[PDB]
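Text of the file model16.pdb, holding PDB, C-alpha atoms:
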ATOM      1  CA  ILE A 358       8.359   1.255  -4.238  1.00  0.00           C
ATOM      2  CA  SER A 359       7.582   4.613  -2.588  1.00  0.00           C
ATOM      3  CA  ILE A 360       7.389   3.033   0.888  1.00  0.00           C
ATOM      4  CA  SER A 361      10.622   1.101   0.223  1.00  0.00           C
ATOM      5  CA  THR A 362      12.497   4.299  -0.648  1.00  0.00           C
ATOM      6  CA  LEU A 363      10.797   5.945   2.342  1.00  0.00           C
ATOM      7  CA  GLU A 364      12.020   3.051   4.502  1.00  0.00           C
ATOM      8  CA  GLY A 365      15.606   3.419   3.274  1.00  0.00           C
ATOM      9  CA  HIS A 366      15.667   7.091   4.243  1.00  0.00           C
ATOM     10  CA  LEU A 367      13.860   6.664   7.580  1.00  0.00           C
ATOM     11  CA  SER A 368      16.273   3.890   8.698  1.00  0.00           C
ATOM     12  CA  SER A 369      19.489   5.940   8.922  1.00  0.00           C
ATOM     13  CA  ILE A 370      17.719   9.232   9.782  1.00  0.00           C
ATOM     14  CA  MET A 371      15.561   8.095  12.698  1.00  0.00           C
ATOM     15  CA  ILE A 372      17.205   5.231  14.586  1.00  0.00           C
ATOM     16  CA  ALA A 373      19.873   5.729  17.232  1.00  0.00           C
ATOM     17  CA  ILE A 374      18.411   2.968  19.503  1.00  0.00           C
ATOM     18  CA  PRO A 375      17.968   4.928  22.772  1.00  0.00           C
ATOM     19  CA  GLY A 376      15.475   2.438  24.232  1.00  0.00           C
TER      20      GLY A 376
ATOM     21  CA  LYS B 324     -26.454 -21.559 -33.398  1.00  0.00           C
ATOM     22  CA  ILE B 325     -27.119 -21.922 -29.667  1.00  0.00           C
ATOM     23  CA  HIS B 326     -24.198 -24.371 -29.440  1.00  0.00           C
ATOM     24  CA  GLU B 327     -21.961 -21.835 -31.208  1.00  0.00           C
ATOM     25  CA  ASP B 328     -22.990 -19.133 -28.714  1.00  0.00           C
ATOM     26  CA  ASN B 329     -22.324 -21.540 -25.826  1.00  0.00           C
ATOM     27  CA  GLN B 330     -18.760 -22.199 -27.032  1.00  0.00           C
ATOM     28  CA  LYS B 331     -18.247 -18.428 -27.310  1.00  0.00           C
ATOM     29  CA  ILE B 332     -19.449 -17.977 -23.706  1.00  0.00           C
ATOM     30  CA  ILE B 333     -17.096 -20.728 -22.461  1.00  0.00           C
ATOM     31  CA  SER B 334     -14.258 -19.094 -24.436  1.00  0.00           C
ATOM     32  CA  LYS B 335     -14.788 -15.769 -22.646  1.00  0.00           C
ATOM     33  CA  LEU B 336     -15.189 -17.495 -19.260  1.00  0.00           C
ATOM     34  CA  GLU B 337     -11.710 -19.049 -19.559  1.00  0.00           C
ATOM     35  CA  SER B 338     -10.328 -15.526 -20.032  1.00  0.00           C
ATOM     36  CA  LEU B 339     -12.134 -14.354 -16.886  1.00  0.00           C
ATOM     37  CA  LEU B 340     -10.694 -17.289 -14.916  1.00  0.00           C
ATOM     38  CA  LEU B 341      -7.176 -16.105 -15.874  1.00  0.00           C
ATOM     39  CA  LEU B 342      -7.462 -13.354 -13.230  1.00  0.00           C
ATOM     40  CA  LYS B 343      -6.632 -15.668 -10.292  1.00  0.00           C
ATOM     41  CA  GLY B 344      -2.875 -15.310 -10.773  1.00  0.00           C
ATOM     42  CA  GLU B 345      -3.338 -11.540 -10.984  1.00  0.00           C
ATOM     43  CA  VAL B 346      -5.162 -11.437  -7.621  1.00  0.00           C
ATOM     44  CA  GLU B 347      -2.412 -13.553  -6.030  1.00  0.00           C
ATOM     45  CA  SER B 348       0.126 -11.142  -7.548  1.00  0.00           C
ATOM     46  CA  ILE B 349      -1.742  -8.296  -5.813  1.00  0.00           C
ATOM     47  CA  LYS B 350      -1.599 -10.274  -2.542  1.00  0.00           C
ATOM     48  CA  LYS B 351       2.198 -10.561  -2.781  1.00  0.00           C
ATOM     49  CA  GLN B 352       2.434  -6.797  -3.400  1.00  0.00           C
ATOM     50  CA  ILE B 353       0.418  -5.963  -0.270  1.00  0.00           C
ATOM     51  CA  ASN B 354       2.498  -8.552   1.617  1.00  0.00           C
ATOM     52  CA  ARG B 355       5.682  -6.782   0.484  1.00  0.00           C
ATOM     53  CA  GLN B 356       4.127  -3.497   1.636  1.00  0.00           C
ATOM     54  CA  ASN B 357       3.247  -5.096   4.993  1.00  0.00           C
ATOM     55  CA  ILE B 358       6.884  -6.102   5.596  1.00  0.00           C
ATOM     56  CA  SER B 359       8.038  -2.562   4.740  1.00  0.00           C
ATOM     57  CA  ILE B 360       5.508  -1.010   7.140  1.00  0.00           C
ATOM     58  CA  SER B 361       6.438  -3.487   9.901  1.00  0.00           C
ATOM     59  CA  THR B 362      10.130  -2.576   9.610  1.00  0.00           C
ATOM     60  CA  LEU B 363       9.141   1.103   9.825  1.00  0.00           C
ATOM     61  CA  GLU B 364       7.069   0.483  12.965  1.00  0.00           C
ATOM     62  CA  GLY B 365      10.014  -1.413  14.437  1.00  0.00           C
ATOM     63  CA  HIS B 366      12.326   1.522  13.728  1.00  0.00           C
ATOM     64  CA  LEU B 367       9.959   4.128  15.197  1.00  0.00           C
ATOM     65  CA  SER B 368       9.361   2.030  18.329  1.00  0.00           C
ATOM     66  CA  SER B 369      13.036   2.121  19.335  1.00  0.00           C
ATOM     67  CA  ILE B 370      13.424   5.919  19.334  1.00  0.00           C
ATOM     68  CA  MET B 371      10.263   6.535  21.376  1.00  0.00           C
ATOM     69  CA  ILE B 372      10.969   7.507  24.996  1.00  0.00           C
ATOM     70  CA  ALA B 373       8.952   8.996  27.832  1.00  0.00           C
ATOM     71  CA  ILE B 374       8.940  12.740  28.516  1.00  0.00           C
ATOM     72  CA  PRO B 375       8.571  13.988  32.159  1.00  0.00           C
ATOM     73  CA  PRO B 392       2.193   9.554  29.556  1.00  0.00           C
ATOM     74  CA  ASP B 393       3.005  11.147  26.176  1.00  0.00           C
ATOM     75  CA  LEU B 394       5.860   9.080  24.596  1.00  0.00           C
ATOM     76  CA  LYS B 395       7.397  11.615  22.201  1.00  0.00           C
ATOM     77  CA  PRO B 396      10.340  10.308  20.119  1.00  0.00           C
ATOM     78  CA  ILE B 397      13.551  12.334  19.870  1.00  0.00           C
ATOM     79  CA  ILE B 398      15.888  12.548  16.845  1.00  0.00           C
ATOM     80  CA  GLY B 399      19.542  13.615  17.046  1.00  0.00           C
ATOM     81  CA  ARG B 400      21.886  15.707  14.931  1.00  0.00           C
ATOM     82  CA  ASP B 401      24.589  13.288  13.724  1.00  0.00           C
ATOM     83  CA  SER B 402      24.187   9.840  15.318  1.00  0.00           C
ATOM     84  CA  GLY B 403      22.319  10.511  18.544  1.00  0.00           C
ATOM     85  CA  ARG B 404      25.292  12.408  19.974  1.00  0.00           C
ATOM     86  CA  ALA B 405      22.963  14.963  21.582  1.00  0.00           C
ATOM     87  CA  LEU B 406      20.900  12.163  23.165  1.00  0.00           C
ATOM     88  CA  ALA B 407      23.652  11.373  25.683  1.00  0.00           C
ATOM     89  CA  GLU B 408      23.960  14.954  26.948  1.00  0.00           C
ATOM     90  CA  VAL B 409      20.256  15.761  27.348  1.00  0.00           C
ATOM     91  CA  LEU B 410      18.827  12.518  28.713  1.00  0.00           C
ATOM     92  CA  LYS B 411      19.030  11.175  32.250  1.00  0.00           C
ATOM     93  CA  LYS B 412      21.750   8.624  32.932  1.00  0.00           C
ATOM     94  CA  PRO B 413      20.172   5.215  33.753  1.00  0.00           C
TER      95      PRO B 413
ATOM     96  CA  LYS C 324     -25.555 -31.203 -25.190  1.00  0.00           C
ATOM     97  CA  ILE C 325     -26.815 -27.645 -24.685  1.00  0.00           C
ATOM     98  CA  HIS C 326     -27.803 -28.400 -21.075  1.00  0.00           C
ATOM     99  CA  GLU C 327     -24.385 -29.967 -20.420  1.00  0.00           C
ATOM    100  CA  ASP C 328     -22.723 -26.816 -21.793  1.00  0.00           C
ATOM    101  CA  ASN C 329     -24.815 -24.591 -19.496  1.00  0.00           C
ATOM    102  CA  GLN C 330     -23.830 -26.694 -16.460  1.00  0.00           C
ATOM    103  CA  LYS C 331     -20.223 -25.989 -17.449  1.00  0.00           C
ATOM    104  CA  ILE C 332     -21.086 -22.262 -17.534  1.00  0.00           C
ATOM    105  CA  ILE C 333     -22.533 -22.335 -13.986  1.00  0.00           C
ATOM    106  CA  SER C 334     -19.429 -24.218 -12.791  1.00  0.00           C
ATOM    107  CA  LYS C 335     -17.259 -21.392 -14.131  1.00  0.00           C
ATOM    108  CA  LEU C 336     -19.667 -18.857 -12.594  1.00  0.00           C
ATOM    109  CA  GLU C 337     -19.259 -20.605  -9.217  1.00  0.00           C
ATOM    110  CA  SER C 338     -15.472 -20.295  -9.558  1.00  0.00           C
ATOM    111  CA  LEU C 339     -15.857 -16.556 -10.159  1.00  0.00           C
ATOM    112  CA  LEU C 340     -18.138 -16.371  -7.099  1.00  0.00           C
ATOM    113  CA  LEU C 341     -15.247 -17.903  -5.143  1.00  0.00           C
ATOM    114  CA  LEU C 342     -13.038 -15.143  -6.568  1.00  0.00           C
ATOM    115  CA  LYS C 343     -15.212 -12.431  -4.965  1.00  0.00           C
ATOM    116  CA  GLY C 344     -14.168 -13.415  -1.440  1.00  0.00           C
ATOM    117  CA  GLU C 345     -10.506 -13.150  -2.416  1.00  0.00           C
ATOM    118  CA  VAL C 346     -11.152  -9.646  -3.802  1.00  0.00           C
ATOM    119  CA  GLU C 347     -12.878  -8.600  -0.562  1.00  0.00           C
ATOM    120  CA  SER C 348      -9.957 -10.010   1.448  1.00  0.00           C
ATOM    121  CA  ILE C 349      -7.662  -7.748  -0.599  1.00  0.00           C
ATOM    122  CA  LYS C 350      -9.885  -4.771   0.320  1.00  0.00           C
ATOM    123  CA  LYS C 351      -9.680  -5.608   4.034  1.00  0.00           C
ATOM    124  CA  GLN C 352      -5.889  -5.940   3.825  1.00  0.00           C
ATOM    125  CA  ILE C 353      -5.614  -2.565   2.048  1.00  0.00           C
ATOM    126  CA  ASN C 354      -7.733  -1.030   4.829  1.00  0.00           C
ATOM    127  CA  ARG C 355      -5.580  -2.523   7.610  1.00  0.00           C
ATOM    128  CA  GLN C 356      -2.320  -1.248   6.107  1.00  0.00           C
ATOM    129  CA  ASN C 357      -3.906   2.174   5.531  1.00  0.00           C
ATOM    130  CA  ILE C 358      -4.667   2.482   9.254  1.00  0.00           C
ATOM    131  CA  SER C 359      -1.034   1.529   9.912  1.00  0.00           C
ATOM    132  CA  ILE C 360       0.278   4.301   7.629  1.00  0.00           C
ATOM    133  CA  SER C 361      -1.982   6.790   9.441  1.00  0.00           C
ATOM    134  CA  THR C 362      -0.621   6.018  12.918  1.00  0.00           C
ATOM    135  CA  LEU C 363       3.033   6.090  11.778  1.00  0.00           C
ATOM    136  CA  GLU C 364       2.171   9.450  10.219  1.00  0.00           C
ATOM    137  CA  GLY C 365       0.916  10.395  13.684  1.00  0.00           C
ATOM    138  CA  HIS C 366       4.159   9.292  15.347  1.00  0.00           C
ATOM    139  CA  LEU C 367       6.221  11.200  12.778  1.00  0.00           C
ATOM    140  CA  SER C 368       4.144  14.336  13.385  1.00  0.00           C
ATOM    141  CA  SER C 369       5.101  14.255  17.089  1.00  0.00           C
ATOM    142  CA  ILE C 370       8.910  14.255  17.142  1.00  0.00           C
ATOM    143  CA  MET C 371      11.599  16.150  19.073  1.00  0.00           C
ATOM    144  CA  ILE C 372      14.859  17.499  17.620  1.00  0.00           C
ATOM    145  CA  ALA C 373      17.969  17.442  19.822  1.00  0.00           C
ATOM    146  CA  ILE C 374      20.932  19.786  19.334  1.00  0.00           C
ATOM    147  CA  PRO C 375      24.299  18.979  21.006  1.00  0.00           C
ATOM    148  CA  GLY C 376      26.480  21.041  23.328  1.00  0.00           C
ATOM    149  CA  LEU C 377      29.741  21.322  21.379  1.00  0.00           C
ATOM    150  CA  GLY C 378      30.543  21.275  17.699  1.00  0.00           C
ATOM    151  CA  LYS C 379      32.768  18.226  17.274  1.00  0.00           C
ATOM    152  CA  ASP C 380      35.253  19.802  14.850  1.00  0.00           C
TER     153      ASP C 380
ATOM    154  CA  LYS D 324     -34.662 -27.036 -18.535  1.00  0.00           C
ATOM    155  CA  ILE D 325     -32.373 -24.970 -20.755  1.00  0.00           C
ATOM    156  CA  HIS D 326     -34.494 -21.876 -20.051  1.00  0.00           C
ATOM    157  CA  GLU D 327     -34.316 -22.596 -16.307  1.00  0.00           C
ATOM    158  CA  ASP D 328     -30.543 -22.989 -16.716  1.00  0.00           C
ATOM    159  CA  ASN D 329     -30.391 -19.548 -18.366  1.00  0.00           C
ATOM    160  CA  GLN D 330     -32.184 -17.945 -15.400  1.00  0.00           C
ATOM    161  CA  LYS D 331     -29.602 -19.496 -13.061  1.00  0.00           C
ATOM    162  CA  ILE D 332     -26.803 -18.146 -15.287  1.00  0.00           C
ATOM    163  CA  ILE D 333     -28.307 -14.626 -15.362  1.00  0.00           C
ATOM    164  CA  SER D 334     -28.895 -14.614 -11.582  1.00  0.00           C
ATOM    165  CA  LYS D 335     -25.295 -15.640 -10.889  1.00  0.00           C
ATOM    166  CA  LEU D 336     -24.075 -13.082 -13.447  1.00  0.00           C
ATOM    167  CA  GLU D 337     -25.940 -10.345 -11.544  1.00  0.00           C
ATOM    168  CA  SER D 338     -24.204 -11.548  -8.369  1.00  0.00           C
ATOM    169  CA  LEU D 339     -20.902 -11.081 -10.214  1.00  0.00           C
ATOM    170  CA  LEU D 340     -21.929  -7.593 -11.405  1.00  0.00           C
ATOM    171  CA  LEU D 341     -22.178  -6.475  -7.753  1.00  0.00           C
ATOM    172  CA  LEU D 342     -18.344  -6.459  -7.640  1.00  0.00           C
ATOM    173  CA  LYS D 343     -17.724  -3.402  -9.868  1.00  0.00           C
ATOM    174  CA  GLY D 344     -18.634  -1.004  -7.060  1.00  0.00           C
ATOM    175  CA  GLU D 345     -16.181  -2.893  -4.854  1.00  0.00           C
ATOM    176  CA  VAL D 346     -13.386  -2.354  -7.412  1.00  0.00           C
ATOM    177  CA  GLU D 347     -14.225   1.361  -7.396  1.00  0.00           C
ATOM    178  CA  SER D 348     -13.869   1.178  -3.603  1.00  0.00           C
ATOM    179  CA  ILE D 349     -10.370  -0.275  -4.138  1.00  0.00           C
ATOM    180  CA  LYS D 350      -9.590   2.806  -6.244  1.00  0.00           C
ATOM    181  CA  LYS D 351     -10.612   5.204  -3.453  1.00  0.00           C
ATOM    182  CA  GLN D 352      -8.549   3.349  -0.826  1.00  0.00           C
ATOM    183  CA  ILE D 353      -5.483   3.398  -3.087  1.00  0.00           C
ATOM    184  CA  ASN D 354      -5.972   7.148  -3.662  1.00  0.00           C
ATOM    185  CA  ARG D 355      -6.214   7.731   0.100  1.00  0.00           C
ATOM    186  CA  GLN D 356      -3.083   5.610   0.571  1.00  0.00           C
ATOM    187  CA  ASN D 357      -0.889   7.761  -1.691  1.00  0.00           C
ATOM    188  CA  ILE D 358      -2.053  10.943   0.063  1.00  0.00           C
ATOM    189  CA  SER D 359      -0.860   9.367   3.323  1.00  0.00           C
ATOM    190  CA  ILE D 360       2.430   8.307   1.685  1.00  0.00           C
ATOM    191  CA  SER D 361       2.881  11.847   0.323  1.00  0.00           C
ATOM    192  CA  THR D 362       2.418  13.309   3.813  1.00  0.00           C
ATOM    193  CA  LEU D 363       5.073  10.904   5.114  1.00  0.00           C
ATOM    194  CA  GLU D 364       7.418  11.974   2.308  1.00  0.00           C
ATOM    195  CA  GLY D 365       6.719  15.631   3.093  1.00  0.00           C
ATOM    196  CA  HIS D 366       7.530  15.175   6.783  1.00  0.00           C
ATOM    197  CA  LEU D 367      10.782  13.302   6.139  1.00  0.00           C
ATOM    198  CA  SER D 368      11.833  15.871   3.517  1.00  0.00           C
ATOM    199  CA  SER D 369      11.494  18.693   6.055  1.00  0.00           C
ATOM    200  CA  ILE D 370      13.382  16.779   8.770  1.00  0.00           C
ATOM    201  CA  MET D 371      16.340  15.650   6.633  1.00  0.00           C
ATOM    202  CA  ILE D 372      17.079  19.099   5.191  1.00  0.00           C
ATOM    203  CA  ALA D 373      16.637  21.124   8.402  1.00  0.00           C
ATOM    204  CA  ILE D 374      18.942  18.693  10.259  1.00  0.00           C
ATOM    205  CA  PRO D 375      22.463  18.569   8.751  1.00  0.00           C
ATOM    206  CA  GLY D 376      24.258  15.389   7.756  1.00  0.00           C
ATOM    207  CA  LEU D 377      21.064  13.436   6.963  1.00  0.00           C
ATOM    208  CA  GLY D 378      20.960  13.829   3.190  1.00  0.00           C
ATOM    209  CA  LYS D 379      22.047  10.227   2.432  1.00  0.00           C
ATOM    210  CA  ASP D 380      24.167  11.714  -0.383  1.00  0.00           C
ATOM    211  CA  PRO D 381      21.690  13.592  -2.638  1.00  0.00           C
ATOM    212  CA  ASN D 382      24.465  16.105  -3.513  1.00  0.00           C
ATOM    213  CA  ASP D 383      23.592  18.859  -0.991  1.00  0.00           C
ATOM    214  CA  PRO D 384      19.791  18.714  -0.432  1.00  0.00           C
ATOM    215  CA  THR D 385      19.626  22.449   0.339  1.00  0.00           C
ATOM    216  CA  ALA D 386      21.063  23.055  -3.168  1.00  0.00           C
ATOM    217  CA  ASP D 387      18.037  21.756  -5.111  1.00  0.00           C
ATOM    218  CA  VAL D 388      17.132  25.305  -6.210  1.00  0.00           C
ATOM    219  CA  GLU D 389      17.108  26.344  -9.863  1.00  0.00           C
ATOM    220  CA  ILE D 390      20.085  28.589 -10.625  1.00  0.00           C
ATOM    221  CA  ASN D 391      19.267  31.592 -12.824  1.00  0.00           C
ATOM    222  CA  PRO D 392      18.757  34.811 -10.747  1.00  0.00           C
ATOM    223  CA  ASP D 393      20.491  36.784 -13.559  1.00  0.00           C
ATOM    224  CA  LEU D 394      23.727  35.683 -11.867  1.00  0.00           C
ATOM    225  CA  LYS D 395      25.884  33.983 -14.596  1.00  0.00           C
ATOM    226  CA  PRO D 396      29.453  34.464 -13.229  1.00  0.00           C
ATOM    227  CA  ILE D 397      30.759  31.498 -15.218  1.00  0.00           C
TER     228      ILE D 397
END
Could you render the structure as structure tokens?
Amino acid sequence: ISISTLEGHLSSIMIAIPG
Amino acid sequence: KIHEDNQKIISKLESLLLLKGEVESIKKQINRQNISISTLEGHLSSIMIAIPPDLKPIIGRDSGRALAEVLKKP
Amino acid sequence: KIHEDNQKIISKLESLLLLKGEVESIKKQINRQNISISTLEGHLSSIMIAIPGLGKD
Amino acid sequence: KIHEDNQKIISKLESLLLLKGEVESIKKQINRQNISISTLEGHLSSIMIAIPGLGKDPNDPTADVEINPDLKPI
């Protein structure tokens, strides 16, 4: 559960797909 | 008396064989964790870029708006 | 009858001996995911923050 | 034959009693896992609050402070 909530935060925060 | 003790042993052994569904339930939990980690590694792999060797990822302020100004145009 | 009951006990002991390899496979899978969490912690520790040129509004 | 059967049962039971130290090893790996998860939570907490707009609606993440510095205007 802790990783799943950590995944939900890290999705919108980190990705901008630069490549 | 020995037969009574043997039936008691078999009775406790059936309880110890009940743990197989519990171990498979653990295996599904680690499998769910493995999917969550793999999505995280997929997300961190996209933001990683080279720095003018080191491969340091860069985060932006709002939606990667600063990433267009700083980085070299390809 | 007693000897037949003990052969049933050993058969259930053999099934529990099969359960040990499944437990050890769980331990190896916990170890592999723990190495994965360590290296993503490494990639999060090395990260750059970018600040834009103009405030949008 | 029954006594020889009991020695086989005891010997296989001792092979099953070797597994308790392995379960204790599962406990140490799970403890080391949640320290690593806590470090990941600590890193993402510092990033999302230093960088604006990345709260994901927690109702102003910089405003998580307790409010009683003898203020009471209300």
Would you give me, as a PyMOL selection string, the residues of chain C that come within 7 Å of chain D, using only C-alpha atoms?
chain C and resi 326+329+333+336+340+350+357+360-361+364
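For the set B:343, B:412, B:326, B:335, the residue with the smallest atom-to-atom gap to residue 339 (chain C) is B:343, counting all atoms listed in the file.
Once the PyMOL selection byres ((chain A and resi 361) around 12) is applied to this file, the selection holds residues 358, 359, 360, 362, 363, 364, 365, 366, 367 and 368 of chain A; 352, 355, 356, 357, 358, 359, 360, 361, 362 and 363 of chain B; 360 and 364 of chain D.
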For chain B against chain A, which residues fall within 7 Å using all atoms listed in the file, given as number ranges by chain?
B: 359, 363, 366, 369-370, 372, 398, 402-403
Residues of chain B no more than 9 Å from chain D, counting only C-alpha atoms: send them over as a ChimeraX atom specification.
/B:399-401
Export C-alpha atoms of the chosen residues as a compact mmCIF listing (two decimals), in the frame of the given file?
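part-v5.txt, freshly written:
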# COMPACT_ATOMS: atom_id res chain seq x y z
CA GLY B 399 19.54 13.62 17.05
CA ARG B 400 21.89 15.71 14.93
CA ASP B 401 24.59 13.29 13.72
Once you count only C-alpha atoms, what closest atom pair and distance in Å to one decimal does each residue of chain C within 8 Å of chain B have, with rows by chain and rising residue number, as a Markdown table?
| residue | atom | partner | partner_atom | distance |
| --- | --- | --- | --- | --- |
| C:325 | CA | B:326 | CA | 6.3 |
| C:328 | CA | B:329 | CA | 6.7 |
| C:329 | CA | B:329 | CA | 7.5 |
| C:331 | CA | B:333 | CA | 7.9 |
| C:332 | CA | B:333 | CA | 6.5 |
| C:335 | CA | B:336 | CA | 6.8 |
| C:338 | CA | B:340 | CA | 7.8 |
| C:339 | CA | B:340 | CA | 7.1 |
| C:342 | CA | B:343 | CA | 7.4 |
| C:345 | CA | B:346 | CA | 7.7 |
| C:346 | CA | B:346 | CA | 7.3 |
| C:349 | CA | B:350 | CA | 6.8 |
| C:352 | CA | B:353 | CA | 7.5 |
| C:353 | CA | B:353 | CA | 7.3 |
| C:356 | CA | B:357 | CA | 6.9 |
| C:359 | CA | B:360 | CA | 7.5 |
| C:360 | CA | B:360 | CA | 7.5 |
| C:363 | CA | B:364 | CA | 7.0 |
| C:366 | CA | B:367 | CA | 7.8 |
| C:369 | CA | B:395 | CA | 6.2 |
| C:370 | CA | B:396 | CA | 5.1 |
| C:371 | CA | B:397 | CA | 4.4 |
| C:372 | CA | B:398 | CA | 5.1 |
| C:373 | CA | B:399 | CA | 5.0 |
| C:374 | CA | B:405 | CA | 5.7 |
| C:375 | CA | B:405 | CA | 4.3 |
| C:376 | CA | B:405 | CA | 7.2 |
Could those residues be written to a file, using C-alpha atoms, as a JSON list (two decimals), in the coordinates of the input?
[["chain", "number", "residue", "atom", "x", "y", "z"],
["C", 325, "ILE", "CA", -26.82, -27.64, -24.68],
["C", 328, "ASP", "CA", -22.72, -26.82, -21.79],
["C", 329, "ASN", "CA", -24.82, -24.59, -19.50],
["C", 331, "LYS", "CA", -20.22, -25.99, -17.45],
["C", 332, "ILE", "CA", -21.09, -22.26, -17.53],
["C", 335, "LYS", "CA", -17.26, -21.39, -14.13],
["C", 338, "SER", "CA", -15.47, -20.30, -9.56],
["C", 339, "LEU", "CA", -15.86, -16.56, -10.16],
["C", 342, "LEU", "CA", -13.04, -15.14, -6.57],
["C", 345, "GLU", "CA", -10.51, -13.15, -2.42],
["C", 346, "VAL", "CA", -11.15, -9.65, -3.80],
["C", 349, "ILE", "CA", -7.66, -7.75, -0.60],
["C", 352, "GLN", "CA", -5.89, -5.94, 3.82],
["C", 353, "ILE", "CA", -5.61, -2.56, 2.05],
["C", 356, "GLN", "CA", -2.32, -1.25, 6.11],
["C", 359, "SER", "CA", -1.03, 1.53, 9.91],
["C", 360, "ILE", "CA", 0.28, 4.30, 7.63],
["C", 363, "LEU", "CA", 3.03, 6.09, 11.78],
["C", 366, "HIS", "CA", 4.16, 9.29, 15.35],
["C", 369, "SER", "CA", 5.10, 14.26, 17.09],
["C", 370, "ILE", "CA", 8.91, 14.26, 17.14],
["C", 371, "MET", "CA", 11.60, 16.15, 19.07],
["C", 372, "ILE", "CA", 14.86, 17.50, 17.62],
["C", 373, "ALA", "CA", 17.97, 17.44, 19.82],
["C", 374, "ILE", "CA", 20.93, 19.79, 19.33],
["C", 375, "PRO", "CA", 24.30, 18.98, 21.01],
["C", 376, "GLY", "CA", 26.48, 21.04, 23.33]]
Since the input lacks some atoms of region 362-375 of chain A, please model N, CA, C and O atoms and print them as a CSV table (one decimal), keeping the file's coordinate frame.
chain,number,residue,atom,x,y,z
A,362,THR,N,11.6,3.2,-0.7
A,362,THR,CA,12.5,4.3,-0.6
A,362,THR,C,12.3,5.1,0.6
A,362,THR,O,13.3,5.7,1.1
A,363,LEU,N,11.1,5.2,1.1
A,363,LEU,CA,10.8,5.9,2.3
A,363,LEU,C,11.4,5.2,3.5
A,363,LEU,O,11.8,5.8,4.5
A,364,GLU,N,11.4,3.9,3.4
A,364,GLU,CA,12.0,3.1,4.5
A,364,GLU,C,13.5,3.2,4.5
A,364,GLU,O,14.1,3.3,5.6
A,365,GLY,N,14.2,3.3,3.3
A,365,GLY,CA,15.6,3.4,3.3
A,365,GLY,C,16.1,4.7,3.8
A,365,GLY,O,17.2,4.8,4.5
A,366,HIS,N,15.3,5.8,3.6
A,366,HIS,CA,15.7,7.1,4.2
A,366,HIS,C,15.4,7.1,5.7
A,366,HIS,O,16.3,7.5,6.5
A,367,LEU,N,14.3,6.6,6.2
A,367,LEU,CA,13.9,6.7,7.6
A,367,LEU,C,14.7,5.8,8.5
A,367,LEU,O,14.8,6.1,9.7
A,368,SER,N,15.4,4.7,8.0
A,368,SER,CA,16.3,3.9,8.7
A,368,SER,C,17.5,4.7,9.3
A,368,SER,O,17.6,4.7,10.5
A,369,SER,N,18.3,5.3,8.4
A,369,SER,CA,19.5,5.9,8.9
A,369,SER,C,19.2,7.2,9.6
A,369,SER,O,19.9,7.6,10.6
A,370,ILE,N,18.1,8.0,9.2
A,370,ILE,CA,17.7,9.2,9.8
A,370,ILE,C,17.2,9.0,11.2
A,370,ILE,O,17.7,9.7,12.1
A,371,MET,N,16.3,8.1,11.4
A,371,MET,CA,15.6,8.1,12.7
A,371,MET,C,16.3,7.3,13.8
A,371,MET,O,16.5,7.8,14.9
A,372,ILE,N,16.8,6.1,13.5
A,372,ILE,CA,17.2,5.2,14.6
A,372,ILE,C,18.5,5.7,15.2
A,372,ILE,O,19.4,6.2,14.4
A,373,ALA,N,18.6,5.7,16.5
A,373,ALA,CA,19.9,5.7,17.2
A,373,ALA,C,19.9,4.7,18.4
A,373,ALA,O,20.8,4.7,19.1
A,374,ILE,N,18.8,3.9,18.4
A,374,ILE,CA,18.4,3.0,19.5
A,374,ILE,C,18.7,3.5,20.9
A,374,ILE,O,19.6,3.1,21.6
A,375,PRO,N,17.9,4.5,21.4
A,375,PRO,CA,18.0,4.9,22.8
A,375,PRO,C,17.4,3.9,23.7
A,375,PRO,O,17.9,3.6,24.8
